[PDB]
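Colleague:
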Amino acid sequence: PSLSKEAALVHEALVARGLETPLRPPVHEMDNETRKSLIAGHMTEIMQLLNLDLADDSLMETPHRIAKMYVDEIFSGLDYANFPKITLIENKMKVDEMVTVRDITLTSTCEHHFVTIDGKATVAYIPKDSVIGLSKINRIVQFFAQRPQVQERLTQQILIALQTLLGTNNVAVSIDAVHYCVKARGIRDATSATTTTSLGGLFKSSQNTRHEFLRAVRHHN
Amino acid sequence: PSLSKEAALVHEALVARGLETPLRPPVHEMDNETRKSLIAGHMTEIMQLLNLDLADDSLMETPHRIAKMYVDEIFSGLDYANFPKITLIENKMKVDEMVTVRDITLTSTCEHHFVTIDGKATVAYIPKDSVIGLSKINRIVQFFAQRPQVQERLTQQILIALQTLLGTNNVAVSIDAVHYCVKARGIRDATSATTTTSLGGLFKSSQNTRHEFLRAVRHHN
Amino acid sequence: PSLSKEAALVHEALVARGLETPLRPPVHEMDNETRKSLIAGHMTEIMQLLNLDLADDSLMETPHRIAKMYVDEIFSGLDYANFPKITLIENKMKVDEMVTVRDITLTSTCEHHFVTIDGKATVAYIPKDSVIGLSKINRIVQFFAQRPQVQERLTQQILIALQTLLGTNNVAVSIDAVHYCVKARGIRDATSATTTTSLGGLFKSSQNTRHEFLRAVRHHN
Amino acid sequence: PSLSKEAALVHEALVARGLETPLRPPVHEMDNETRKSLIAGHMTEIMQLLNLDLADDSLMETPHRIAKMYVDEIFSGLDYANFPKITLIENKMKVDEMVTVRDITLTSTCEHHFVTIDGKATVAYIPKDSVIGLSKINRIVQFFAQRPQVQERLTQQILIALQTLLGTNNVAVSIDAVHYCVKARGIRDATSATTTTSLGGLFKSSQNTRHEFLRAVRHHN
Amino acid sequence: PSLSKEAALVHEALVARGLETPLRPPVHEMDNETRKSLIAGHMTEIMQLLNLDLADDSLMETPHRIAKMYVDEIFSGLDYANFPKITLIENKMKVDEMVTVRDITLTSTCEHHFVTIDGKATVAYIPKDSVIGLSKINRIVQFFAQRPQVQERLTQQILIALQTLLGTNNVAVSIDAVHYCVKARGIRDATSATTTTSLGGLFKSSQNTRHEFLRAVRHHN
Amino acid sequence: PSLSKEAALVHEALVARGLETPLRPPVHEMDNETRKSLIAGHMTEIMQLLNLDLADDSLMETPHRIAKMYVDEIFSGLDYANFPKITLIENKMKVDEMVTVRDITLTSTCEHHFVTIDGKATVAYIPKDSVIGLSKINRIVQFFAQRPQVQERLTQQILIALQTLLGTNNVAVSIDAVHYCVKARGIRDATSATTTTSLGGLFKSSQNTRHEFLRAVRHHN
Amino acid sequence: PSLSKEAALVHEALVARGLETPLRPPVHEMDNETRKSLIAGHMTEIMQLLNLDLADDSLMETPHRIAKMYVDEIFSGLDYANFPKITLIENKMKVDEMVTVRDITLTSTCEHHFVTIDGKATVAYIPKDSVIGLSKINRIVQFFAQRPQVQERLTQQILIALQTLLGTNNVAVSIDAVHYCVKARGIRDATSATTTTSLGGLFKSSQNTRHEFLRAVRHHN
Amino acid sequence: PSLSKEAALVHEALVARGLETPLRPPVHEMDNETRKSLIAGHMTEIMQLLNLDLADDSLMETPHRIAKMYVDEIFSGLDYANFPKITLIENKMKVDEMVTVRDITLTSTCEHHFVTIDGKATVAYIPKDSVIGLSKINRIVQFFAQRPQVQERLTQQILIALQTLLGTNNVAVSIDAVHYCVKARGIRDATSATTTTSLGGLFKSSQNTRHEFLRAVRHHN
Amino acid sequence: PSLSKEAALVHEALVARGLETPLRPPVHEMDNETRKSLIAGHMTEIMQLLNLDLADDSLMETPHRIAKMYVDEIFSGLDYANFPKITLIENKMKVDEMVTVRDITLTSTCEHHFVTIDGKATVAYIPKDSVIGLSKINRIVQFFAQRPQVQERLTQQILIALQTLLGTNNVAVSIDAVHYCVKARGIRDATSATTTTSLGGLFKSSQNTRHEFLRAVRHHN
Ligand SMILES: [Cl-]
Ligand SMILES: [Cl-]
Ligand SMILES: [Cl-]
Ligand SMILES: [Cl-]
Ligand SMILES: [Cl-]
Ligand SMILES: [Cl-]
Ligand SMILES: [Cl-]
Ligand SMILES: [Cl-]
Ligand SMILES: [Cl-]
Ligand SMILES: [Zn+2]
Ligand SMILES: [Zn+2]
Ligand SMILES: [Zn+2]
Ligand SMILES: [Zn+2]
Ligand SMILES: [Zn+2]
Ligand SMILES: [Zn+2]
Ligand SMILES: [Zn+2]
Ligand SMILES: [Zn+2]
Ligand SMILES: [Zn+2]
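As given, the protein sequences belong to chains A, B, C, D, E, F, G, H and I, one line each in that order.
Basically the working numbering = 1-based index in the first sequence + 63.
Basically the working numbering = 1-based index in the second sequence + 63.
Basically the working numbering = 1-based index in the third sequence + 63.
Basically the working numbering = 1-based index in the fourth sequence + 63.
Basically the working numbering = 1-based index in the fifth sequence + 63.
Basically the working numbering = 1-based index in the sixth sequence + 63.
Basically the working numbering = 1-based index in the seventh sequence + 63.
Basically the working numbering = 1-based index in the eighth sequence + 63.
Basically the working numbering = 1-based index in the ninth sequence + 63.
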């Protein structure tokens with residue numbers, strides 16, 4: 064009772080290429096309710112250095128909400144215990160052209176200011192011996208997304224994970240997103256978006272394949 | 064009085080390629096009024112198991128409605144006695160460029176949860192000896208769509224059937240659809256959509272042809 | 064350990080007004096895991112009646128997948144043990160103008176055929192003593208959405224629930240949806256949508272208020 | 064050297080009506096740099112509790128960026144030392160019809176999870192003796208937005224602030240926004256948005272005026 | 064075995080108001096296979112009078128196709144044996160606000176030249192004792208649309224029939240359509256469209272109600 | 064006094080290639096006014112067979128209106144006496160790059176049911192010795208459009224006609240249309256459209272030219 | 064053999080209110096081929112004062128084309144011999160709400176520089192004793208449009224004419240157009256449009272009616 | 064005092080390639096005012112032949128406005144005394160990639176009926192030694208547009224003019240426009256538009272370049 | 064205390080290729096507040112020659128505001144003391160496909176009239192050893208945009224400045240803007256816009272790469 068075959072495989076692959084999120088061993092076995100109260104403790108401190116009145120009916124519970132959100136939600140992707148269960152049917156249909164999943168909702172956080180990243184992901188792969196459940200791609204994407212991230216690392220992690228679970232390197236990933244740490248503060252650019260793409264296999268090597276995919280990416284609604 | 068030339072041709076061609084829908088032999092001759100009532104009875108139990116009050120004037124008729132929807136409507140594609148009448152005219156116009164029928168309405172069911180799939184298909188072929196009635200393409204698409212499906216299989220069936228009927232390997236099919244078992248539940252993604260395509264003859268081999276078709280696909284209204 | 068103050072209040076308000084979903088008392092404490100298998104059992108029988116090979120690597124978990132989806136997901140709103148938690152701060156800001164939450168995502172199922180209803184809700188209220196957490200409105204809407212519904216009933220239920228929890232009659236609800244049993248089968252209308260609305264108090268009696276709300280409805284993205 | 068007339072006046076006003084952001088007296092004069100280093104202090108603790116390797120070159124400066132962002136940017140409207148410089152020309156043009164500034168860019172933070180709030184503001188007023196510079200309206204709006212807010216309060220603050228600095232009650236404010244703690248977490252609604260409006264003077268009392276303003280609000284690009 | 068309660072009710076109500084379609088008594092019992100072949104024969108002559116070569120494999124089947132289209136399809140609305148089965152449930156939800164079904168697909172024929180009319184209908188009613196099945200509205204619209212028409216008459220028939228069936232004068236119908244005998248020939252106007260509406264009960268008398276309905280009409284996709 | 068040089072050239076080119084509309088020689092000089100009445104006669108019989116009261120002030124001119132429309136309007140392209148006049152200036156500007164006339168309005172009729180075809184054409188050619196009047200392209204397209212057509216044939220005819228009149232094989236034609244016999248009846252698909260294309264000379268042999276043209280097609284307004 | 068009942072009626076009505084285009088008696092009976100050669104004569108002169116070389120293959124025929132265009136086309140509305148034939152059916156359907164014809168194509172000329180006016184017309188009337196053929200409104204509109212015009216006079220003429228032919232003053236006309244003499248020369252404004260509206264009867268007097276109509280006008284595609 | 068280097072150079076170029084607008088030597092020095100009064104002279108004759116009452120206050124100044132418009136505006140590019148002043152900075156920036164000015168407003172007149180031509184131009188060039196001011200490109204384009212044109216010639220004139228004034232053959236020009244003598248008269252096509260492109264240098268010869276330019280052309284707003 | 068490493072490196076590189084903004088040696092150390100004041104006077108001077116009454120309570124502050132604006136804001140990119148702080152991280156993610164930043168807000172000024180330039184920039188590069196923080200690119204762009212500019216140069220500057228800080232020639236830049244000196248004065252073209260692009264490394268020599276990036280450019284919102 065710890066990890067799953069797939070979860071293990073992916074994690075190994077990610078460290079092997081040295082693409083895992085920069086983590087440290089958990090040292091000693093610390094409860095999650097402990098981590099959460101500890102984290103609310105610090106949030107109470109920060110909130111006081113801001114001069115907010117924690118006595119307020121609305122503010123009082125924020126430290127604890129921020130604590131559950133960090134551990135249970137927006138960063139749950141740092142604990143492989145949360146990896147999604149994977150299901151794969153055999154490729155009896157003999158699909159040999161690419162399958163594409165466009166405009167996958169994707170919300171993450173910039174590791175640089177812990178601010179929101181709103182974006183869309185398009186993922187395509189060429190089935191080999193197995194066909195993956197379609198929702199699973201959405202879930203694998205949201206998983207890596209729930210981690211403090213840098214867009215370039217995010218795009219690459221997804222490629223590797225899917226590559227690992229599908230059994231081919233013929234996978235491609237493109238992400239188009241908006242960083243609120245560029246929009247809401249700093250340079251305050253309200254109109255820019257960033258686009259990153261990772262291409263494995265034929266998607267990288269074969270010019271014709273490379274463009275059918277790039278030609279398909281970017282489907283604004 | 065059973066099946067038709069075309070219906071049987073198509074059916075064989077699918078079984079030959081290992082692409083038919085996972086079916087079992089109807090064992091003993093079961094009349095549809097009988098399948099419908101038996102089915103109706105199970106839905107009656109399922110609704111009771113859900114604590115619904117079948118004594119209500121709105122819910123009362125639901126088991127018979129669901130059973131009829133299953134047998135005559137949404138899954139009627141599993142019975143080749145429903146295959147559409149095909150009509151082919153002689154290619155006296157000597158067309159030798161592709162004919163594309165785009166944005167064909169496509170409603171179907173995900174075989175993993177029996178939930179609505181809503182999408183659109185784009186089909187193209189290059190006439191050899193015969194030109195098919197346009198409406199017939201739409202019809203063929205709906206027939207295979209009225210079956211519990213997996214988008215990747217559904218796509219190939221439309222292809223193989225068309226090739227078979229048209230006497231050419233020069234056919235291409237593309238489907239862009241939304242799966243409600245991805246949107247309405249589970250990961251609950253309100254924006255992703257899946258695109259799958261299958262190309263035959265020149266649409267596969269000729270890079271020229273292939274990209275002309277792909278280029279034309281995706282005509283959002 | 065059974066029900067929560069909010070939940071019980073809501074369920075009673077609805078019963079008193081005769082707007083609860085038609086439900087028959089459980090009878091005996093039948094365990095949920097028992098219900099799922101009985102349901103999954105009947106689904107198996109239904110699928111064998113359609114002649115599908117349940118021995119297929121893709122159709123085997125289906126009966127089980129449906130059972131779990133029905134009981135745990137799309138019909139979870141039938142069990143008040145799933146009523147969302149309510150958080151209400153006091154109206155110190157002295158807000159006396161309607162707050163409007165629009166384009167709330169809403170996926171439901173029709174009770175006449177158990178087919179997908181995909182729509183959008185717009186809720187509005189004039190806070191009296193308390194202001195509610197914004198997401199709770201969303202959560203309340205989805206709770207009632209996960210039930211075999213009739214759009215007319217669904218709209219009323221959301222009104223009563225909200226009127227009850229906020230201690231006011233000044234609430235308004237409008238739902239704009241697409242029913243697949245109209246779209247995907249039957250008459251097969253691919254463009255019609257249905258709009259229903261429930262107006263309480265001022266939204267109903269005051270011409271001025273009523274139109275301010277209706278004017279602000281139907282925000283297609 | 065502390066505060067300016069404008070700010071003290073606005074500040075008093077909000078406090079008088081019980082609409083100031085819940086703040087605690089600083090207590091003792093803590094140097095903003097200490098504050099930041101303390102905040103960055105606690106954030107480091109938190110990042111360690113999430114098991115992130117702060118030894119990494121990318122995560123290394125994060126606690127310090129967050130600290131600086133919090134105090135100097137996203138929450139800078141908590142200190143009136145930051146209130147914008149107001150300019151008021153004489154209303155010689157004898158303007159007696161509303162002036163409406165629409166689609167003011169507004170990015171704030173919800174106070175329940177400190178997550179991004181992205182929206183637009185529409186402000187109108189009827190000039191009495193003074194006529195404020197246009198951009199000031201933009202600056203005042205963004206001032207109160209740089210605080211842990213609640214849309215209902217933020218709307219009121221803006222109204223009160225402008226009525227005060229303008230000399231009239233004839234001011235209207237409407238904000239329309241997306242709360243990411245609703246969109247990127249929890250219920251995860253990708254489509255809803257919230258609209259709040261605060262009406263003063265003729266905008267509240269005069270129906271003709273009230274609807275002239277409501278009619279114009281909501282200019283999506 | 065002839066007509067149905069509702070079919071006859073509706074039919075009478077139209078004749079009573081002098082709104083039925085200009086029909087004559089079927090004289091002697093003429094079987095539809097007979098009407099179809101007789102019709103087919105005239106189209107055969109008309110096509111010959113046009114110098115078309117019925118020996119061609121594409122034109123050969125046209126007379127039988129046109130006759131069937133006329134009798135079973137596009138004009139099948141002239142025979143009440145085709146009226147749709149109506150289903151009404153008890154208004155236990157006590158709805159007392161209008162229900163609007165908007166953008167119903169409507170294809171019809173101009174009676175002046177037997178040319179396609181393509182448009183959309185918006186229908187609304189306020190339930191008294193009963194709520195009708197939504198799909199039934201669409202169906203009723205198509206029934207009266209499958210008749211040689213004049214938009215102004217077609218609009219009223221839908222109204223009167225609905226009033227009759229729903230036991231209320233509180234119904235409203237609006238149709239926006241394109242006439243191909245205006246677009247495809249004659250003046251040849253590629254952009255005009257005609258809107259016609261008929262209001263009953265409160266939708267006529269109450270200015271309040273009337274404008275709420277009109278306000279909601281015209282939902283271009 | 065019978066036919067014009069252009070007309071005769073065109074009619075012959077089409078006959079030689081076997082692409083003329085299937086026509087049977089008149090036989091005897093039957094006067095057009097005689098044809099119209101015989102046609103109007105049969106239409107009368109057809110309408111009486113549908114049970115319509117031809118004595119109605121609105122249905123009385125119909126048989127006569129149809130006859131005139133068929134012979135004089137929508138099928139006028141069957142009589143080369145209606146071929147448009149051609150004006151060709153010499154190519155002094157030495158134009159050697161394709162001229163493209165796009166979104167040419169095209170309304171036609173299907174030959175399988177005589178129902179409206181509403182579409183758009185895009186024509187392109189590389190002038191050799193002569194440049195044609197722009198409107199003539201339009202006029203040529205509508206000439207062939209006014210004939211019971213099959214889109215595949217229609218496209219070829221326009222190519223041949225233009226190739227013939229301009230003395231070049233460097234012409235290209237693409238037609239994008241909606242067939243009401245698909246939309247308004249039968250399968251009743253409300254979203255599919257059909258695209259056909261005919262490429263001559265360089266447009267067919269030169270990869271470079273072919274794509275420049277296809278790339279420039281499908282200009283939805 | 065000169066004029067038609069309707070044509071006369073309208074012309075009288077127009078002079079009676081003194082709204083006719085400023086014409087003069089034709090003095091003496093001058094042939095139309097004479098007027099046209101005379102007019103080409105002057106056009107040849109103008110063209111020479113511009114230094115164009117009329118010897119050119121393209122220019123040579125312009126004087127005559129401009130001459131036919133003026134007399135036979137763009138100004139044919141100055142000769143009531145061209146008025147359209149009107150057909151009116153009796154209002155047996157008892158329509159008593161307004162009928163509307165939107166986005167009627169309308170091309171005219173400014174009397175001030177004989178340059179193009181591109182626009183759209185919306186016309187509505189409330190049937191009284193008779194219902195007019197729908198295409199007839201389009202034709203009456205294009206008729207007055209084919210005259211040197213000033214937009215305000217144009218709008219009024221149409222009102223009167225329809226008022227005269229329908230037998231009620233309850234008619235309304237709105238025109239939205241673009242004047243190329245404002246766009247292509249002079250101030251050269253590329254974005255403005257002008258809108259004129261004439262309201263007769265209840266459309267002018269009754270506030271409620273006045274706005275249902277104004278609320279409907281302006282349907283950009 | 065007659066012409067400038069720029070103009071004489073352009074002029075010679077067009078004449079050398081046989082692309083100048085067909086002009087006749089002025090012959091004798093006629094004073095532009097006489098010309099205008101002569102032109103206004105003939106236009107008065109024409110308006111009298113159309114039976115318009117020139118005694119009217121609105122039609123009174125028309126012949127004089129037309130005369131002035133013709134000579135001083137819409138046809139002013141016929142006199143090179145009107146050629147724009149060209150400015151050329153030194154290409155120090157060493158720009159070696161194309162510069163593309165898109166959607167240049169272009170309003171011209173067709174030379175067959177002197178009717179409005181409204182369109183857009185897209186121009187690109189690859190700087191060699193000189194780099195022209197941006198607006199000049201706009202001015203040169205509008206210079207040749209102010210002439211009775213033929214789109215095919217107008218496109219060529221612009222190309223030649225710019226190649227000459229720039230020092231390179233690397234210039235591309237594409238115009239897309241609506242001819243009103245096609246839209247407002249004759250065939251009356253409300254939707255078609257014509258596209259003409261002229262390619263020089265690498266734009267003609269280099270496929271890579273050619274398609275980079277064609278790819279970017281056609282930016283509808 | 065003068066300039067930073069980066070700043071220096073960029074500035075040199077520009078001078079080296081001779082693409083620096085034409086600057087003269089400051090000569091003697093003149094304080095800014097002194098420059099601002101000297102400029103202010105010269106404004107008061109100009110505003111007096113325009114005849115504007117500087118005594119007005121609203122025109123008063125202008126020379127001082129224009130004063131601040133030129134030096135402190137819109138031309139601040141002239142002083143490298145303002146170059147933004149650059150932050151790079153290790154490319155441990157092994158990113159080797161391009162990273163694209165689109166629709167970057169760009170507000171410049173033309174150097175020919177000091178008039179507003181309003182565009183959008185798209186920047187891309189293929190990471191080598193370091194990966195720049197996203198927000199930085201935006202900052203670099205606004206820096207060079209804060210200078211009296213000529214589009215063709217601005218594009219070039221942004222390119223070199225980036226190739227220098229990233230250590231790769233593999234950078235690409237595209238700018239699409241509207242020059243108000245072309246729109247609001249002079250030729251007054253309200254619709255044209257200009258596009259300039261600079262390609263380094265593979266973006267210039269690799270056909271494939273070159274087109275991947277050009278295919279991405281131009282993301283209108
Ligand atoms: Cl930053
Ligand atoms: Cl799942
Ligand atoms: Cl039904
Ligand atoms: Cl929550
Ligand atoms: Cl007509
Ligand atoms: Cl069919
Ligand atoms: Cl003027
Ligand atoms: Cl013509
Ligand atoms: Cl200039
Ligand atoms: Zn960041
Ligand atoms: Zn599923
Ligand atoms: Zn249903
Ligand atoms: Zn929150
Ligand atoms: Zn008609
Ligand atoms: Zn057909
Ligand atoms: Zn004018
Ligand atoms: Zn012309
Ligand atoms: Zn400038």
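A virtual CB, placed ideally from N, CA and C, is assigned to each residue, including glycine.
For residue 153(I), which residues in chain L fall below 7 Å Cβ to Cβ?
Modeller: Of the chains in the structure shown, none is chain L; the protein chains are A, B, C, D, E, F, G, H and I.
Colleague: Let's test the definition: count the other Cβ atoms within 10 Å of the Cβ of residue 226(I) and tell me whether it reaches 16, buried, or not, exposed.
Modeller: buried
Colleague: Please indicate yes or no: does the CB of residue 178(C) lie closer than 7 Å to some heavy atom of ligand 12?
Modeller: yes
Colleague: Mind checking whether residue 133(G) and residue 117(H) have CB atoms under 8 Å apart?
Modeller: Residue 117(H) is positioned such that its CB atom lies no closer than 8 Å to that of residue 133(G).
Colleague: Based on Cα-Cα distance, which residue from 141(H), 125(H) and 130(H) lies nearest to residue 85(H)?
Modeller: 141(H)
Colleague: In terms of residues, what are the limits of the beta strand (DSSP E) holding residue 188(F)?
Modeller: First-last of the beta strand (DSSP E) with residue 188(F): 179–188.
Colleague: Once DSSP output is grouped into helix, strand and coil, what is the label at residue 153(I)?
Modeller: strand
Colleague: With distances taken from CA atoms, which of 64(E), 81(E) and 65(E) is nearest residue 224(E)?
Modeller: Comparing alpha-carbon positions, the option among 64(E), 81(E) and 65(E) lying closest to residue 224(E) turns out to be 81(E).
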